[PDB]
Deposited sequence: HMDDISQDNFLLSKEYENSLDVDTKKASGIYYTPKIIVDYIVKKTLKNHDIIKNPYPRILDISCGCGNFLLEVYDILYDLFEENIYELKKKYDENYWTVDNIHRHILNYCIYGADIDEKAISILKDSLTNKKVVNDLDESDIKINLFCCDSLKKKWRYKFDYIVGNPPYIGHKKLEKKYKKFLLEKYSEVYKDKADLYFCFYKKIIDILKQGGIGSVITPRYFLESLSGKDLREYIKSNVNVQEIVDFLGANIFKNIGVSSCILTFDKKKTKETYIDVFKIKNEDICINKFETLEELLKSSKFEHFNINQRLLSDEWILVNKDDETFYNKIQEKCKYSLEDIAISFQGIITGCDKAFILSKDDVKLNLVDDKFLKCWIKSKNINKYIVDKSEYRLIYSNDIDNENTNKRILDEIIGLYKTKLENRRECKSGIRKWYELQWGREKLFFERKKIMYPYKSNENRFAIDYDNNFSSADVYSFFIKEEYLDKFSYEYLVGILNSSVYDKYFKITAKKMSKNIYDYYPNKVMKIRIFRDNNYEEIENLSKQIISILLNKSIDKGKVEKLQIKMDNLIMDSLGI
């Protein structure tokens, strides 16, 4: 995963541009996932320029025979550059690349082929740079995950990622007054799994700068969203973070010769965040958005979690075995008591759901194999081998033809609100048709004790408003270009209000629902009603 050169140079310049080579001519620069040496080779070039530009000052202050230009190459490799990686071939290539920068006496190069997370590191380091590996909870082998849970528990639990541990290792082995700069996924900035990691970073290092690329495609043909984190262990009372957040995700990364030109430009916005004021959540927004977010939080007395019951959709474990088109002839084998309406995330619009085109065979209600042999033999059994490889089938908890996570039917077969799990905008709809769905659609229904305060029509009105689209996206988890995570761990934290505008907001919502359900939809008037509703909500929240 080759890191773009402009970012590599920026990271190295970040850690080394103001190093006092005269005061300390023995800086230790480390990359614990160096690979072929994208960062370390640049570190060599930056160090070599630094030594040659101060070669005569060094010669005068120290051993004058040791400090010559001819001796710079040797000194850098013996005492300055350190790298670690698990790939033997990459280390071998990097060793040759460092050697080719210039046998006399066989210089030794501090490159280790090892697990960076298991190595007994004999000393701390002045500067650490690089791009660690990212491995999620699905693609990480179970034997290694037990080690991470037992030894890296301060940052790695549950659905945490591998690069959390590289953050902990880098922070642990950084010298006092040292500087670290890495490029990692951005998701830990907001994700629920990153809470322990954020607590660790906040209370161990001073975060100098965060570069957030949002959904920009930094790595070509890689579906990941990146950020650059720069931190130090310097004694300072400032504790203020420079945040450079991109404004246009469509931009290409090579607009200028250097990254810092892009950051200072009109493609990025800059603002400051007080690190001491960071809660367990990192709300990195400008003053206008902070005021906007704080107004809504203070004005709203209730949250969605207070008034609603949230649940994830069906997880069959093999969709091809249980989901059929409503026009599929094989449904003539299945009694209608077994069939449920099935929708995908794209079927969720604002305020209403598209008509179902798929049916779910709720195979849990099938009592035994002998009574409905045709359904099992001709429909579900076509994927029996894959069905039996599901975890709950291996342990015997689930029968091979049963849904892996069937949930409760009564939760779905009722009036409820559904929203897609990943979307570019708020899309909350009222479901009237007892729709079932997979985990790409989340549902909630209102608690009985809050039905006389909040109706479904009022909720979809304010939740689909432009005010709440901006409001939710302030702290939402940015996944990829024009995609946010609409998950209960943040959707249920949305705060809602009840005031003098309740009735008209609800009435406008009913009008929109009435038009959206017509045969000849005058979608233009829906937009006009939405604008009027947004004005009511902004009036209610005083913004």
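- In sequence order, the gaps in C-alpha coverage of the deposited chain fall at 1-30, 133-137.
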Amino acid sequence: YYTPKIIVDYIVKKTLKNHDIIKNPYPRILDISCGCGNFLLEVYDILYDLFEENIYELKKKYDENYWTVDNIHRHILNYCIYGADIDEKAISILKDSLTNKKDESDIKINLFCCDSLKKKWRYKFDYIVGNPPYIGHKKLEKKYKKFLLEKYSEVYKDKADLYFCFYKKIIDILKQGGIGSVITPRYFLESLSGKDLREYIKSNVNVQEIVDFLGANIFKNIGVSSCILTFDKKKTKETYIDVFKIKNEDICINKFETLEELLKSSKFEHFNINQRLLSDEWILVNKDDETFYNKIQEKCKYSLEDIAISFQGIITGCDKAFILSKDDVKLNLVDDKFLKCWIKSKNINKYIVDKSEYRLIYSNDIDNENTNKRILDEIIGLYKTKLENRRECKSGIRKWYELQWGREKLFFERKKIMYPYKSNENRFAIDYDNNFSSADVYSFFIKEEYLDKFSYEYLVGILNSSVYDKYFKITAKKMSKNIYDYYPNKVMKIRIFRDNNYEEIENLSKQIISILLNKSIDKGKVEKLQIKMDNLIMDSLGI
From here on, numbers count along this sequence of modelled residues.
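If you superpose the two forms and keep the largest set of C-alpha atoms that fall within 1.5 Å, you have the rigid core.
- Taking the root mean square of CA deviations in 9 other deposited structures of this protein after fitting on the rigid core, 251-259 and 89-97 differ, and the farther of the two is 251-259.
- Structural divergence in 9 other deposited structures of this protein between 480-488 and 514-522: following superposition by the core, 514-522 has C-alpha atoms lying farther from the shown form.
- Per-stretch averaging of Cα B factors for 360-368 and 432-440 places 360-368 on top.
- Stretches 148-156 and 246-254 differ in mean CA B factor, with 246-254 having the higher one.
- Within the selection 511, 65, 480, 489, the deposited Cα B-factor values reach their highest point at 65.
- The PDB entry gives the largest Cα B-factor of the residues 415, 139, 337, 409 to 337.
- For residue 421, the recorded CA temperature factor ranks within the lowest third of the chain's modelled residues.
- In this PDB entry, the Cα temperature factor of residue 396 sits in the top third of its chain's modelled residues, the highest group.
- Ranked by C-alpha B-factor against the other modelled residues of its chain, residue 522 falls in the highest third.
- Split the chain's modelled residues into thirds by C-alpha temperature factor. Residue 12 is in the middle one.
- Sort the chain's modelled residues by C-alpha temperature factor and residue 504 lands in the middle third, per the entry.
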